[PDB]
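Read the structure below first, then the notes.
Please treat every number below as a calculation from the coordinates, not as lab data. Note: ideal-geometry Cβ built from the backbone for every residue, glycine included; neighbour counts use all protein chains shown.
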Ligand code: NA
Ligand code: NA
Ligand code: NA
Ligand code: NA
Ligand code: NA
Ligand code: NA
């Protein structure tokens, strides 16, 4: 079970430094290579640099000039990325990924889930969570409104409810804040008996919001 | 630097079809290229490296070939699960560079949306704003029209739409339309309706609630 996990998403103020960490499990960073890659819709995937721990040798994409450095911690099985003088152009999903090097060939066999980092001159704000009350199948959801920056994670009943869940892409409001909805379709039989709570997690703000959704009454 | 040109940027295919994605390198890269699958909302996973060596554990339906500058990823027996974006990566020379990716979509039988409307929360209405949501669930094709009507008068300008990526199971889409108003203007009217037009519906479906 080789697994990789980047630091939690967050906000980076303009001109300050972007810092991330990848926690590696199932493999030692004392072998093979360790990369940071970022992804944007318009720019696609961008390789940032690779890192070899035993010799502490580092190879960076020149396009980042000398804003970037990659280091490790061999007893904690962590490696990190730092990117100074952060700018709006650095907003992206950052991936940590292992790279294997056999002969002349190099490829990325294990990627992390990726973490969104938003560069902004504004401040974090937690979401307001409102219910989408229902009414043989019914639909209900949560309205995660007015939060900054992206993203928010949404579960239902602490992960117990999975089938039929749709968490829509966030929308940018004239507010400058993001808003999305998460819906789930359940048997109409279970509305009065079963309880439905959406677990919203806004890691950029370290704000968790839990909201129950019931049919409005008289 | 090496420039990777990938084509097509997007394609649509039916279940069981064979799809081919191409990446063209700015110069010979002597088979130092790998391919990756990235399902919606997930991170990329390895498929092939060294241009044609299949990663152990990945289905044999994926195949890679190429020499010099031109490289191909071929995907046979297309299944709904294969909906994803596929990228190339050249490891010939640093900086490593990626193709722009090919978005692979699935063609399926027409499926009609299940429509639902949600009135504003009483909680939010206390704060002074009202959000009405209309949900179009599991439909295909992606094309759809949603028009808001308050007191059965067409409304425009105060709504924003959001659509999910194609479902990996049934290859369907879902859509949300959010009409947001001040509480004052929300209370100026009584009937709030969501008229939905779509291929799979005999006639436009209208779902409404009355305020009170
Ligand atoms: Na190589
Ligand atoms: Na964003
Ligand atoms: Na919304
Ligand atoms: Na060149
Ligand atoms: Na297409
Ligand atoms: Na309510």
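Only residues of the range B:1-45 count here: report those whose backbone N is under 20 Å from the spot 7 Å along Cα→Cβ of residue B:143, or say none. The answer is B:10-15, whose backbone nitrogens lie closer than 20 Å to the label point. Fully extending the segment from residue B:108 to residue B:61, taken as 0.36 nm per residue of separation minus the present Cα-Cα distance, adds 14.9 nm.
Modelled spin-label separation between residue B:154 and residue A:194, with each label point placed 7 Å from Cα along the Cα-to-Cβ direction: 4.0 nm. Relative contact order for the range A:35-126: 24 percent, from Cα pairs under 8 Å spaced at least 6 residues apart, divided by residue count. Rg and Dmax of chain B, based on Cα coordinates, read 23.2, 71 Å.
Please compute the volume of the convex hull spanned by the alpha-carbon atoms of the range A:1-121 and report it per residue in Å³. Numbers along the way, then the final one.
Values: hull volume 12.8 nm³, N = 121.
With only Cα atoms used, the range A:1-121 gives 106 Å³ per residue.
Between residue A:76 and residue B:163, the simple spin-label model (points 7 angstrom out along Cα→Cβ) gives 4.5 nm. Alpha carbon centre of the range B:39-78 versus the range A:122-162: separation in Å? Rounded to whole Å, the Cα centres lie 36 Å apart. What the pair-distance distribution of the range A:40-109 shows, using all Cα-Cα distances binned every 10 Å from zero, is 16, 49, 30, 5 percent. For the range B:108-212, what percent of Cα pairs sit more than 25 Å apart? It works out to 23 percent of all Cα pairs. Here the relative contact order of the range B:79-212, from alpha carbon pairs under 8 Å that lie six or more residues apart, stands at 26 percent. Extending 7 Å from Cα along the Cβ direction at residue B:187 and again at residue B:94 yields two label points whose distance is 6.6 nm.
Quick one: if the Förster radius is 22 Å, what FRET efficiency do residue B:18 and residue B:81 give, using the C-beta to C-beta distance and rounding to 0.05? Present the calculation step by step, with values, prior to reporting the outcome.
Working: r = 16 Å, r/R0 = 0.72.
Calculated transfer efficiency: 0.90.
Residue exposure proxy: B:39, B:188, ordered by other Cβ atoms within 10 angstrom of their Cβ from fewest to most, comes out as B:188, B:39.
Restricting things to Cα coordinates, could you compute the convex hull volume per residue of the protein assembly as shown in Å³? Present the calculation step by step, with values, prior to reporting the outcome.
Working: hull volume 67.1 nm³, N = 430.
Dividing the Cα hull volume of the protein assembly as shown by its residues yields 156 Å³.
Only counting other Cβ atoms within 10 Å, I'd like A:94, A:60, A:104, B:71 sorted with the fewest neighbours first. Could you put the intermediate results ahead of the total?
Numbers: A:94 24, A:60 20, A:104 11, B:71 27.
Sorted ascending by nearby Cβ count, the order is A:104, A:60, A:94, B:71.
Quick one: order A:2, B:115 by neighbouring beta-carbon count within 10 Å, fewest to most. Before the final figure, lay out each step's value.
Numbers: A:2 10, B:115 22.
Lowest to highest Cβ neighbour count: A:2, B:115.
Estimated from helical segments only, the mean residue ellipticity of the protein assembly as shown at 222 nm is -500 deg cm²/dmol, where each DSSP H run of four or more residues counts as -39500 (n - 2.57).
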